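The values are calculated or read from the model by the stated rules, or taken from the named source; nothing here is a laboratory result. Every residue, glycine among them, receives a Cβ derived from its backbone with ideal geometry; neighbour counts consider all protein chains shown.
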Amino acid sequence: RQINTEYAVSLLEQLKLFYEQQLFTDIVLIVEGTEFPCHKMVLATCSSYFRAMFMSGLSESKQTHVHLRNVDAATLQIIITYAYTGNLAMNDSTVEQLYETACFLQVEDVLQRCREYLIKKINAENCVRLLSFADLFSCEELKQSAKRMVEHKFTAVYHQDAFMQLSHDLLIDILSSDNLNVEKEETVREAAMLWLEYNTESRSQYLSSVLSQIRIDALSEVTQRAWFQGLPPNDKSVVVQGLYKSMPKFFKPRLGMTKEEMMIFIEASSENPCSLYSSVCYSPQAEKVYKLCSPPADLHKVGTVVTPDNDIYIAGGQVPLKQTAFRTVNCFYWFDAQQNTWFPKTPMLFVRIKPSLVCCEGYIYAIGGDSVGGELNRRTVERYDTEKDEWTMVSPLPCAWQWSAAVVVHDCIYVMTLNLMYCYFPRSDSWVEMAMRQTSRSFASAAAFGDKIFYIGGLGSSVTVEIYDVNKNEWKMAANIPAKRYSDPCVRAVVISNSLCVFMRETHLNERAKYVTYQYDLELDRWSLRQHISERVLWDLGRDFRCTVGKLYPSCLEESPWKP
Amino acid sequence: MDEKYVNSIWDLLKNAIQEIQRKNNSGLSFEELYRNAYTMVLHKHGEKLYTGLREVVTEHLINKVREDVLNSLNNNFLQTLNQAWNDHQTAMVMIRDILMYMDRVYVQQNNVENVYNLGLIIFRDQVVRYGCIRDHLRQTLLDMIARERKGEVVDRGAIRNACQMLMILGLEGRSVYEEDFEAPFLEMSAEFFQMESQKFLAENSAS
């Protein structure tokens, strides 16, 4: 059987009582003049150091006043109270010294707990700090998570102040890796140059090693004379060294320069009938269809968003409850552009069905989408903090809308419905009335290209196009897309190659679905044939599929094996 | 920090370990020798600590037990061997405790055997598998087991203690225990039972 829960907790609280109320407390910890009366049994059951200290034969087996040095009062107090009741108060600040004292006392439980917390806390503004911390104390799992998150965030910001104070081995492991995310190979060059010029003779010996990890395409060009300027005077062991050493290290292109503009699709028609749906992607340049990882636990009815930093997120959705069976969950996830997997993040407060995820000013805005409460404020619009990893409510939408879309133009949120539109001001947290459309259409998508909103299609859909201008605040017609008559075109508005293109799948009577995209001429008001998608590579996707503009790597992803 | 600080820390830790190996562990402040291990492994100097530990352990062994066993090879040889094994084990209790705090990070990073296994291996290499102690132990155990088989009774718990000591010295299974004890014992038992059957077939009948 198991252990009697009654006594388990009765013993735990009685042990805690003997601790707070000085009673059978034998050994006392002397830390910076602070008394800590406690027991030996509780300390032995958790800390391996304390277990080793008492069970031994040394004077500490019969001592009372141990002067535990190189520790903190609050950390030792929280560790002792956790050992006495199982309660660990993990804030967002004291986790550093918590891990320090845990590695000092060798307490595996609190070590694993704080390691998980830091694996959750890993973000941009602390990536390099957490990596240096995982290099100081051996935390290989945390070290790898840091390194990766680090890598990417490092090659996206390269302005961290902690980056200058890093060990040589860590810098070599970072720079020489094939996971850096940079659209060019010159930014890592100048990053290494500034890290070297942070000092001079303290980096001279590492100069010969850091250049050995960067390709020779920039080890013969400029930033060799700049080092000669900062070279120690009369030093003739580095100049001629770098002169006659710029020959091997075969220049090979990195992986970060493989970010092509692709058309990411979700909830596509599953090829094998064993699964409900799948996720694929179209290559406008490679002219192929690469497969994508399935949504987290086949998360259907979700929304996508691609931040200006080229990051994919997933919010809302419903999972089939354990024949129709579906329960809605407010889980949130983040897509790893390299590992080809969905990392879980802080879930939302309310569950959503088809939420409109829109990024603006670094915040992720999920505007509406079947709110659970359905109370007088049937919107529950929420914003997400990418810095603090938390959600914050914003000003609610004045009117309840269903099957709506939203875009971001001029640092503002523009949500569109059947005929009405409201603009949200993030600086003032208010909603202002906008122009009214003359046509009642729904179940459509909009793409934000420049300073104009292009509401394409609406109701199947049609070829109606109503262009809205932010500076003019008016809805005007441009043209209708020339498509085959007696068909049901499935329009998808998206921005690609600095031009407004459309992903329109049409289906004829007694005929299969045909894929073709058009390039809408902005000044001529005409959709020109940009490229025709051959059916030998792209099969049917369905009706409830979404499309978004984003960049992915063809190397990390694999081609989907499927017959034309 | 500087090399002088870590050198002094290692020197005092070695002095404390030697004092413990002298069974004077009684009056030694664990805290004031461990506050020197945390700060030693923290600065990424575990290799030097491990090498120094191995050197100190093997030097202490070769100086004390290698001389004691060879000095008392005829006056309670197995008893003194068991006593030395028990002393080594009871010292490697606190030693392994401290250097297990060390071992967590070290063997999870450097992929090496723990300090208890290190002590067992160095003991096997310097005492049991010695060029002279091994054959002497083999001969004396064969002699005493043959005298026991002859009909007269001798000490039996000491043989169990020695076999358990060798089994623990195996440190992985029954690999060394076999080569050191089973193989020699098998040849002697073979000859003994062969001679016994040859004597019985002629002196008696099938009844």
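Quick one: count up the residues across region A:422-445 that are surrounded by fewer than 21 Cβ atoms within 10 Å (Cβ to Cβ) and under 21 Å from A:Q402 (Cβ atoms).
14
Per-residue answers, yes or no, for (1) within 30 Å of A:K563 (Cα to Cα); (2) among the basic types (K, R); (3) outside any helix (DSSP H, G or I):
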| site | (1), (2), (3) |
| --- | --- |
| A:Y206 | no, no, no |
| A:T223 | no, no, yes |
| A:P233 | no, no, yes |
| A:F250 | no, no, yes |
| A:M257 | no, no, yes |
| A:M262 | yes, no, yes |
| A:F265 | yes, no, yes |
| A:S278 | yes, no, yes |
| A:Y290 | yes, no, yes |
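Would you mind stating whether B:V115 is within 22 Å of B:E172 (Cα to Cα) and out of contact with any helix residue (DSSP H, G or I) (no Cβ under 7 Å at 6 or more places or on another chain)?
Values: within 22 Å of B:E172 (Cα to Cα): yes; out of contact with any helix residue (DSSP H, G or I) (no Cβ under 7 Å at 6 or more places or on another chain): no.
Judged against the criteria, B:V115 is not a match.
Would you check which residues across region B:7-42 are at the interface with chain A (Cβ under 10 Å from one of its Cβ atoms) and in a loop (DSSP other than H, G, I, E, B) and list them?
B:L28, B:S29, B:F30, B:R35, B:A37
Looking at region A:3-31 only, could you name the residues that are under 16 Å from A:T64 (Cα atoms) and either within 45 Å of the chain's Cα centre (by Cα) or among the charged types (D, E, K, R) (or both)?
Initial filter on region A:3-31 (under 16 Å from A:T64 (Cα atoms)): A:19, A:22-31.
Residues satisfying the conditions are A:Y19, A:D26, A:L29, A:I30, A:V31.
So, in region A:235-248, of the ones that are assigned to a loop (DSSP other than H, G, I, E, B) and in contact with a helix residue (DSSP H, G or I) (Cβ under 7 Å, 6 or more places away or on another chain), which residue ends up surrounded by the fewest Cβ atoms within 10 Å (Cβ to Cβ)?
So in region A:235-248, the residues assigned to a loop (DSSP other than H, G, I, E, B) come out as A:235-238, A:244-248.
Retained after the next criterion (residues that are in contact with a helix residue (DSSP H, G or I) (Cβ under 7 Å, 6 or more places away or on another chain)): A:238, A:246.
Numbers: A:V238: 17, A:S246: 14.
Across region A:235-248, the extreme among qualifying residues is A:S246.
For B:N111, all conditions in the list (1) exposed (fewer than 11 other Cβ atoms within 10 Å of the Cβ); (2) away from chain A (no Cβ under 14 Å) hold save one; what is the number of the exception?
(2) is the only condition that B:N111 fails.
Could you please find all residues in region B:192-206 being charged (D, E, K, R) and surrounded by fewer than 10 Cβ atoms within 10 Å (Cβ to Cβ)?
Once the filter is applied, which keeps residues that are charged (D, E, K, R) and surrounded by fewer than 10 Cβ atoms within 10 Å (Cβ to Cβ), region B:192-206 yields only B:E203.
Can you list residue pairs whose Cβ atoms sit under 7 Å apart, with the first residue in region B:140-166 being under 20 Å from B:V69 (Cβ atoms) and the second being among the charged types (D, E, K, R) and surrounded by 13 or more Cβ atoms within 10 Å (Cβ to Cβ)? Count only pairs 6 or more apart in sequence or on different chains.
Partner pairs satisfying both residue conditions: B:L166/B:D180.
For A:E267, are the conditions met, namely being surrounded by 17 or more Cβ atoms within 10 Å (Cβ to Cβ) and not aliphatic (A, V, I, L, M)?
Considered against the rule, which asks whether it is surrounded by 17 or more Cβ atoms within 10 Å (Cβ to Cβ) and not aliphatic (A, V, I, L, M), A:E267 comes out as yes.
Please indicate, with yes or no, whether at least one residue in region B:64-77 is of a type outside the set (G, A, S), within 22 Å of A:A52 (Cβ to Cβ) and either surrounded by 14 or more Cβ atoms within 10 Å (Cβ to Cβ) or away from chain A (no Cβ under 14 Å) (or both). If you could, list the steps in order and put the result at the bottom.
Filtering region B:64-77 for residues of a type outside the set (G, A, S) gives B:64-71, B:73-77.
Applying the additional criterion that residues be within 22 Å of A:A52 (Cβ to Cβ) yields none.
Checking region B:64-77: not a single residue is of a type outside the set (G, A, S), within 22 Å of A:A52 (Cβ to Cβ) and either surrounded by 14 or more Cβ atoms within 10 Å (Cβ to Cβ) or away from chain A (no Cβ under 14 Å) (or both).
Just to be sure I understand, how many residues within region A:542-553 are more than 20 Å from A:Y515 (Cβ to Cβ) and either part of a loop (DSSP other than H, G, I, E, B) or not assigned by CATH to the domain that holds A:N310 (or both)?
So the count comes out to 1.
With A:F18, A:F104, A:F24 as the choices, which residue is within 13 Å of another protein chain (Cβ to nearest Cβ) and not in a strand (DSSP E or B)?
A:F104
On the basis of being away from chain B (no Cβ under 14 Å), part of a loop (DSSP other than H, G, I, E, B) and aliphatic (A, V, I, L, M), does A:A89 make the cut?
So A:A89 fits the description; yes.
Residue-by-condition table, conditions (1) more than 12 Å from chain A (Cβ to nearest Cβ); (2) surrounded by 20 or more Cβ atoms within 10 Å (Cβ to Cβ); (3) assigned to a helix (DSSP H, G or I); (4) on the phi > 0 side of the Ramachandran plot:
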position: B:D97; (1), (2), (3), (4): no, yes, yes, no
position: B:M100; (1), (2), (3), (4): no, no, yes, no
position: B:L118; (1), (2), (3), (4): yes, yes, yes, no
position: B:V127; (1), (2), (3), (4): yes, yes, yes, no
position: B:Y130; (1), (2), (3), (4): yes, no, no, no
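Tell me, please, whether a residue that is over 28 Å from B:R174 (Cβ atoms) and either among the aromatic types (F, W, Y) or within 14 Å of chain A (Cβ to nearest Cβ) (or both) can be found in region B:78-95.
yes
Kindly evaluate A:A286 against the criterion of being more than 22 Å from A:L557 (Cα to Cα) and out of contact with any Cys (no Cβ under 9 Å at 6 or more places or on another chain). Spell out how you get there, then give the answer.
Numbers: more than 22 Å from A:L557 (Cα to Cα): no; out of contact with any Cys (no Cβ under 9 Å at 6 or more places or on another chain): yes.
Spelling it out, it is not the case that A:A286 is more than 22 Å from A:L557 (Cα to Cα) and out of contact with any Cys (no Cβ under 9 Å at 6 or more places or on another chain).
Residues are listed down the side, and each one gets a yes or a no for (1) under 16 Å from A:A52 (Cα atoms); (2) in contact with a strand residue (DSSP E or B) (Cβ under 9 Å, 6 or more places away or on another chain):
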site: B:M1; (1), (2): no, no
site: B:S26; (1), (2): yes, no
site: B:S29; (1), (2): yes, yes
site: B:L33; (1), (2): yes, no
site: B:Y38; (1), (2): yes, no
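How about region A:118-192: which helices (runs of 4 or more DSSP H) wholly inside it have at least 2 residues that are away from chain B (no Cβ under 14 Å) and not hydrophobic (A, V, I, L, M, F, W, C)?
So the answer is A:140-157.
Which residues, counting only those in region A:147-177, are in contact with a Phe, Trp or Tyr (Cβ under 8 Å, 6 or more places away or on another chain) and farther than 20 Å from A:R203 by Cα?
Within region A:147-177, A:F154 is the sole residue that qualifies.
Restricting attention to region A:41-67, and to residues there that are part of a helix (DSSP H, G or I) and within 7 Å of chain B (Cβ to nearest Cβ), which single residue is farthest from A:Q14 (Cα to Cα)?
So, considering only residues that are part of a helix (DSSP H, G or I) and within 7 Å of chain B (Cβ to nearest Cβ), the one farthest from A:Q14 (Cα to Cα) is A:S59.
When the residues of region A:303-331 are filtered to those that are in a loop (DSSP other than H, G, I, E, B) and within 30 Å of A:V157 (Cα to Cα), which remaining residue is farthest from the chain's Cα centre (by Cα)?
A:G316
For region A:68-83, which positions are touching a strand residue (DSSP E or B) at 6+ places or on another chain (Cβ under 9 Å) and more than 8 Å from chain B (Cβ to nearest Cβ)?
Listed by number, the residues that qualify are A:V71, A:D72, A:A73, A:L76, A:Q77, A:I80.
Quick one: count up the residues across region A:490-535 that are out of contact with any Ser or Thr (no Cβ under 7 Å at 6 or more places or on another chain), under 17 Å from A:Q285 (Cβ atoms) and not in a strand (DSSP E or B).
Total satisfying the criteria: 4.
Here is a list of conditions, (1) surrounded by 12 or more Cβ atoms within 10 Å (Cβ to Cβ); (2) under 21 Å from B:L73 (Cβ atoms), and B:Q139 meets all of them except one; can you say which number that is?
Failed condition: (1).
For region B:45-60, indicate whether the set of residues that are over 18 Å from B:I168 (Cα atoms), within 12 Å of chain A (Cβ to nearest Cβ) and not basic (K, R) is non-empty.
Yes, that holds for at least one residue.
Of all residues being touching an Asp or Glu at 6+ places or on another chain (Cβ under 7 Å) and part of a strand (DSSP E or B) in region A:397-436, which is nearest to A:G460 (Cα to Cα)? Just the residue, please. First the steps, then the outcome.
Residues of region A:397-436 that are touching an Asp or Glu at 6+ places or on another chain (Cβ under 7 Å), as a first pass: A:409-411, A:422, A:426, A:435.
Remaining after also requiring part of a strand (DSSP E or B): A:409, A:422.
Values: A:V409: 28, A:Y422: 25 Å.
Filtering first and then ranking leaves A:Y422.
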